[PDB]
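Q: Chains as they are written, first to last, in the entry's author numbering: chain SR, 35 to 41, 47 to 134, 146 to 196; chain Lr, 223 to 316; chain Lz, 24 to 62; chain LT, 51 to 149; chain Lp, 35 to 77, 89 to 142; chain Lj, 66 to 103; chain LU, 45 to 204; chain LC, 175 to 261; chain LM, 2 to 178. Just so it is clear, CB atoms sit at the ideal spot from N, CA and C, and this is done for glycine as well.
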Ligand SMILES: [Mg+2]
Ligand SMILES: [Mg+2]
Ligand SMILES: [Mg+2]
Ligand SMILES: [Mg+2]
Ligand SMILES: [Zn+2]
Ligand SMILES: [Zn+2]
């Protein structure tokens, strides 16, 4: 990659990189996910792929550099946010309640003091409508709202 | 005689003594009592399955609320199996 | 399993026109067949 | 009046109790109740819920054998659905036809 | 190498089908508890060993809370019942097997 | 701030930011343009 | 060299349930023959005791054993103390083995013997209908006939 | 009377020991706990300082009584209502 | 079985002391399986008048996990019946106050609403941390499997599966990152 060092003398240097794994099963794909046959087959747990697609301090990388299509990029950014909130990325930190599948930022959301009637209930969101189209492997679909 | 149990009809006192006498006279090593299964133990309703073993081979098992009564019941089960009065024995032919 | 029974052709209720519901319940111990059942 | 309507409710409640006990035994063998019932009727054993609960309580080995037969029928069904061709139908997926 | 269920808790179950395919034969011998899986069995100079017979009389509240702690119930099981229920109770119930 | 349902940029210096679960129009040079989505 | 169809090991690239391979049919039929022959020689020698059966009788399924009692809710056109053979045997079983019919076992394979020992009536059952504010009130008493059968013996023959 | 005082571990004193008035010092601040003077069963006027009703101007047998205790929609009286009792 | 009648009855109707772990488990799944075990619905000899419940010992209830934003969304509501007794605390506040209240309330909700619920809740035992009293520890039988799978954060993947997972994209050589 490329790094800058400060000593006033600052310098940009080139370090080693990892390249593409040799033989993708679908060479005709247009995004890396499409090339590796992972379109609906990943979740927020897959921190190997997520850490492959993030910055070292937890931020996301741009679509153009990653080569991702827009839909896959938005699914990656939501999965990265949920994994960060669940605490599955302890080394990609900036600069106690256990959670998972946290859609919204925990410090931005107001409590449901008045749940509705059972025809207009105020439901509690779990997971992501971006990941709604994942493969189900069950006879009941994902319940996005609890 | 149909619906009754062997030690319901023939009362005995020391099933362990009868069992060790039977095993001695049919040339079997003396049985060892071991705690196969246990639930509770400190509460007022314990459950003990004690197994009687001979040459590291199970011959009987018995439940009880205490260890001693579980061992006695295991001795009675051993006597039943050795004598042919088991619950699943062949019924009488009429 | 009514749909599976319909696929196999064995009605939907197991109590319909099968051997289980149409064979005689009992017979005499010497072998004489029972009189036919009302149903 | 309560006696008569309770005849109706007694039949319903007894079937509910049988289903509860069969579900308990099936979960004790790692199986689910719909899988057990559907696979037994696919294997053409027409034991009802009353004698199934009776076997669950008093004959645990016979119930374990029934659960194993049902699970084996489930695996045959999954294998046939996965194969989707004209493979052999399976040993216990065979249907005894009557005429 | 295939078993429909694990074969180590109740019986070694083997399913079979007869040659005509008309009946299913099950063979299930019981499993026995291993010896190694078991556990070994648990184990004044001048006067009498006088028998230690103290029976402290607890009043109703402490007695019921002690019984509730012992048997993991509530207090309502231990509180008494009236003469109406006591005489309604059947003292010669039917008995099957 | 002014509570609005539709937020409209009134300057070239206004900007939409989503903070605490709500959209906001912040303007540094014209502070009367501060709008809060409701 | 990755196959055209390879997926990397993610959380849900593969099914949650473990892969199950079924045994080959030829070896399985030989194993079935061995197990059936083993159970048949147990039946021949007599290494069993206290058989039970699940018997279809009077639209119900009864789990009977020897020296048993059942109560049939209708008359059976038989004299008392009369020995009959129950035939629709859904299941027979012992300790260490059971036999399963599809759905009925062979009459050559298994016999159930029963004896009519009582022909009686039930206790009186009340049917009362009441609809309120409509003067609707109706009472009836029924006594269903009943037949008590004693299951004598359950016999199996070596025919597997 | 025995009273229980919460202390830290460095202030433990041996049981059976005498305590006197110079345990405190002048210019200090203390809290004093006691059972108050008991007035028996008292009405709302002495117990809760209710204003009560006028004496003359037509009033029938109401001068020291509580008025409404609740509203009509509530089919009950709220817990913690100020009503006569031991004061 | 050839047991005598009283030992056979005792063996059938005896109680079992099941063990269950919290530690990033969802309290609703914990409460579902604990409720089944407390009612005795896992037994084929079950009947509602047979008092066939079992003891359930749940530990590490301080380390439960809510899916989604339930820590801030979910509100527990109670009312001390004095005018103004209406209190509403979030799940976070209730967990910070009492480490066992959430799991206790979930199990109390899923138990049947009859007179047996309090007896079942007395047979329930909850502990916030790894510590269990010694008598309960000598009573315990069968730690039950956890419902969740503990999704295994990035730093405890070993190098074998890390380099077994293939690399999806090649980055430009001049990107700072
Ligand atoms: Mg129905
Ligand atoms: Mg005045
Ligand atoms: Mg007047
Ligand atoms: Mg006056
Ligand atoms: Zn794509
Ligand atoms: Zn502006």
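Could you check if residue 101 of chain Lj belongs to the surroundings of ligand 6, using beta carbon to heavy atom distance under 7 Å?
A: Position 36 of the sixth chain, counting from 1, holds the residue named residue 101 of chain Lj. Not under cutoff, so the answer is no.
Q: What separation, rounded to the nearest whole angstrom, lies between the Cα atoms of residue 245 of chain LC and residue 118 of chain LM?
A: Taking the eighth chain and counting its residues from 1, the one referred to as residue 245 of chain LC is at position 71. Taking the ninth chain and counting its residues from 1, the one referred to as residue 118 of chain LM is at position 117. If you take the alpha carbons of residue 245 of chain LC and residue 118 of chain LM, they lie about 36 Å apart.
Q: Between residue 62 of chain LU and chain LM, is there a C-beta pair that is closer than 8 Å?
A: If you number the seventh chain from 1, residue 62 of chain LU lands on position 18. Cβ-Cβ to chain LM under 8 Å: no for residue 62 of chain LU.
Q: Based on DSSP bridge pairs, tell me the residues matched to residue 96 of chain LU.
A: For the purposes of this step, residue 96 of chain LU is identified with residue 52 of the seventh chain, where counting begins at 1. Answer is LU:109 and LU:137, bridged to residue 96 of chain LU.
Q: At a Cβ cut of 9 Å, what residues of the region 154-179 of chain SR count as close to chain Lj, listed as they run along the chain?
A: Listed by position, the residues of the region 154-179 of chain SR near chain Lj (Cβ gap below 9 Å) are 154, 155, 157, 158, 159 and 160.
Q: Any beta carbon from chain LU within less than 8 Å of residue 312 of chain Lr's own beta carbon?
A: On the second chain, residue 312 of chain Lr is found 90 positions in, with the first residue counted as 1. Yes, its Cβ sits closer than 8 Å to a Cβ of chain LU.
Q: Against residue 265 of chain Lr, what residues of chain LU qualify as contacts under a CB-to-CB distance less than 8 Å, listed in chain order?
A: Translated into the one-based positions of the second chain, residue 265 of chain Lr becomes position 43. The premise fails here: residue 265 of chain Lr is roughly 34 Å from chain LU at the closest Cβ pair, so nothing lies under 8 Å.
Q: Mind checking the region 156-170 of chain LM against chain LU and listing, in chain order, the residues whose C-beta falls within less than 8 Å of any C-beta there?
A: Residues 162, 165, 166 and 167.
Q: Leaving out five residues before and five after residue 254 of chain Lr in sequence, what residues of the same chain have Cβ atoms less than 8 Å from its Cβ?
A: The residue given as residue 254 of chain Lr occupies position 32 in the second chain. Excluding positions up to five away in sequence, the list reads 274, 275 and 276.
Q: What residues from the region 29-48 of chain LM come within 8 Å of chain LT, judged by C-beta to C-beta, listed N to C?
A: Listed by position along the chain: 42, 43, 44, 45, 46, 47 and 48.
Q: When the distance is taken between beta carbons, is residue 51 of chain LU closer than 8 Å to residue 151 of chain SR?
A: Counting from one through the first chain, the residue named residue 151 of chain SR turns up at place 101. Counting from one through the seventh chain, the residue named residue 51 of chain LU turns up at place 7. Not closer than 8 Å, so no.
Q: Do the region 229-243 of chain Lr and the region 281-301 of chain Lr meet, that is, are 3 or more Cβ pairs less than 8 Å apart?
A: Cβ pair count under 8 Å is three or more, so yes.
Q: If the cut-off is 7 Å on Cβ atoms, which residues from the region 122-136 of chain LM count as contacting chain SR, listed in chain order?
A: The region 122-136 of chain LM vs chain SR, Cβ under 7 Å: nothing.
Q: Hey, out of LM:5, LM:62, LM:108 and LM:78, whose CA is closest to residue 165 of chain SR's CA?
A: As a first step, residue 165 of chain SR must be located in the first chain, where it is residue number 115. It is LM:78 whose Cα lies nearest to the Cα of residue 165 of chain SR.
Q: May I ask you to verify whether the region 78-98 of chain LM touches the region 48-56 of chain LM, counting CB pairs closer than 8 Å and requiring at least 3?
A: Cβ pair count under 8 Å is below three, so no.
Q: Give the DSSP bridge partners of residue 41 of chain Lz, in chain order.
A: One-based indexing of the third chain puts residue 41 of chain Lz at position 18. Answer by DSSP bridge pairing: none, since residue 41 of chain Lz is not bridged.
Q: Which of the three DSSP states, helix, strand or coil, is assigned to residue 174 of chain SR?
A: Counted from its first residue, the first chain places residue 174 of chain SR at position 124. Reduced to three states, the DSSP call for residue 174 of chain SR is coil.
Q: Run through chain LM and tell me which residues come within less than 9 Å of residue 107 of chain LU, C-beta to C-beta.
A: Locating residue 107 of chain LU in the seventh chain gives position 63, where the first residue counts as 1. Simply none; closest approach about 14 Å.
Q: Let me know the secondary structure DSSP gives residue 216 of chain LC once reduced to three states.
A: By 1-based counting over the eighth chain, the position of residue 216 of chain LC is 42. It is a strand residue.
Q: Touch check for the region 161-173 of chain LM and the region 82-96 of chain SR: three-plus C-beta pairs under 8 Å?
A: Counting Cβ pairs under 8 Å, three or more are found: they touch.
Q: Is the shortest distance between the beta-carbon of residue 35 of chain Lp and the beta-carbons of chain LM less than 8 Å?
A: Numbered from 1 along the fifth chain, position 1 holds the residue referred to as residue 35 of chain Lp. For residue 35 of chain Lp, the answer is no, since every Cβ of chain LM falls outside 8 Å of its Cβ.
Q: Under the rule that 16 or more other beta-carbon atoms within 10 Å means buried, what is residue 255 of chain LC, buried or exposed?
A: As a working mapping, residue 255 of chain LC is identified with position 81 in the eighth chain. Counting Cβ neighbours within 10 Å, residue 255 of chain LC comes out exposed, since fewer than 16 surround it.
Q: By Cβ distance below 6 Å, which residues in the same chain neighbour residue 33 of chain LU in space, the five residues on each side in sequence not counted?
A: Shown here, chain LU extends from 45 to 204; a query on residue 33 of chain LU therefore has no answer.
Q: Less than 8 Å between the C-beta atoms of residue 102 of chain Lj and residue 91 of chain Lj, yes or no?
A: For the purposes of this step, residue 102 of chain Lj is taken as residue 37 along the sixth chain, with counting starting at 1. For the purposes of this step, residue 91 of chain Lj is taken as residue 26 along the sixth chain, with counting starting at 1. Going by C-beta atoms, residue 102 of chain Lj is not nearer than 8 Å to residue 91 of chain Lj.
Q: Please name the residue in LU:181, LU:185, LU:156 and LU:180 whose C-alpha comes closest to that of residue 170 of chain LU.
A: Counted from its first residue, the seventh chain places residue 170 of chain LU at position 126. That would be LU:185, whose Cα lies nearest to the Cα of residue 170 of chain LU.
Q: Output the boundary residues of the beta strand (DSSP E) element that contains residue 277 of chain Lr.
A: Here the question's residue 277 of chain Lr lines up with position 55 in the second chain. Premise fails: residue 277 of chain Lr is in no beta strand (DSSP E) and is neither H nor E.
Q: For residue 176 of chain LU, name the three-state secondary structure that DSSP assigns.
A: In the seventh chain, the residue the question calls residue 176 of chain LU occupies position 132. Of the three classes helix, strand and coil, the one that applies to residue 176 of chain LU here is coil, per DSSP.
Q: Since residue 118 of chain LT contacts residue 47 of chain Lp with CB under 8 Å, what's their CB separation in whole angstroms?
A: Indexing the fourth chain from 1 puts residue 118 of chain LT at position 68. Indexing the fifth chain from 1 puts residue 47 of chain Lp at position 13. Going by Cβ atoms, the distance from residue 118 of chain LT to residue 47 of chain Lp rounds to 5 Å, so yes, they are a contact pair.
Q: At a Cβ threshold of 8 Å, is residue 80 of chain SR touching chain LU?
A: The sequence position of residue 80 of chain SR within the first chain is 41, counting from 1. Yes - at least one Cβ of chain LU is within 8 Å of the one on residue 80 of chain SR.
Q: Please tell me whether, using a cut-off of 7 Å, the distance from the CB of residue 227 of chain LC to the nearest non-hydrogen atom of ligand 4 is below it.
A: Walking along the eighth chain from the start, residue 227 of chain LC turns up at place 53. Incorrect: residue 227 of chain LC has no Cβ contact closer than 7 Å to ligand 4.
Q: Starting from residue 37 of chain Lz, find everything on chain LT with Cβ-Cβ shorter than 7 Å and list it in chain order.
A: In the third chain, counting from the first residue as 1, residue 37 of chain Lz sits at position 14. Within chain LT, the residues near residue 37 of chain Lz are 96.
Q: In terms of alpha-carbon separation, which member of SR:195, SR:55, SR:49 and SR:181 lies closest to residue 175 of chain SR?
A: Along the first chain, one-based indexing puts residue 175 of chain SR at 125. For residue 175 of chain SR, the nearest C-alpha among the options comes from SR:195.
Q: What in chain LT is Cβ-close to residue 24 of chain Lz, meaning under 8 Å?
A: In the third chain, counting from the first residue as 1, residue 24 of chain Lz sits at position 1. Within 8 Å Cβ-Cβ: 87, 88, 91 and 92.
Q: Do we get a CB-CB distance below 8 Å when we pair residue 109 of chain Lp with the residues of chain Lr?
A: Taking the fifth chain and counting its residues from 1, the one referred to as residue 109 of chain Lp is at position 64. It does not; no Cβ of chain Lr falls within 8 Å.
Q: Mind checking residue 160 of chain LU: buried by the 16 CB within 10 Å criterion, or exposed?
A: Against the seventh chain, residue 160 of chain LU aligns to sequence position 116. It counts as buried.
Q: What is the DSSP secondary structure of residue 99 of chain SR, counted as helix, strand or coil?
A: In the first chain, counting from the first residue as 1, residue 99 of chain SR sits at position 60. In this structure, residue 99 of chain SR counts as strand in the three-state DSSP scheme.
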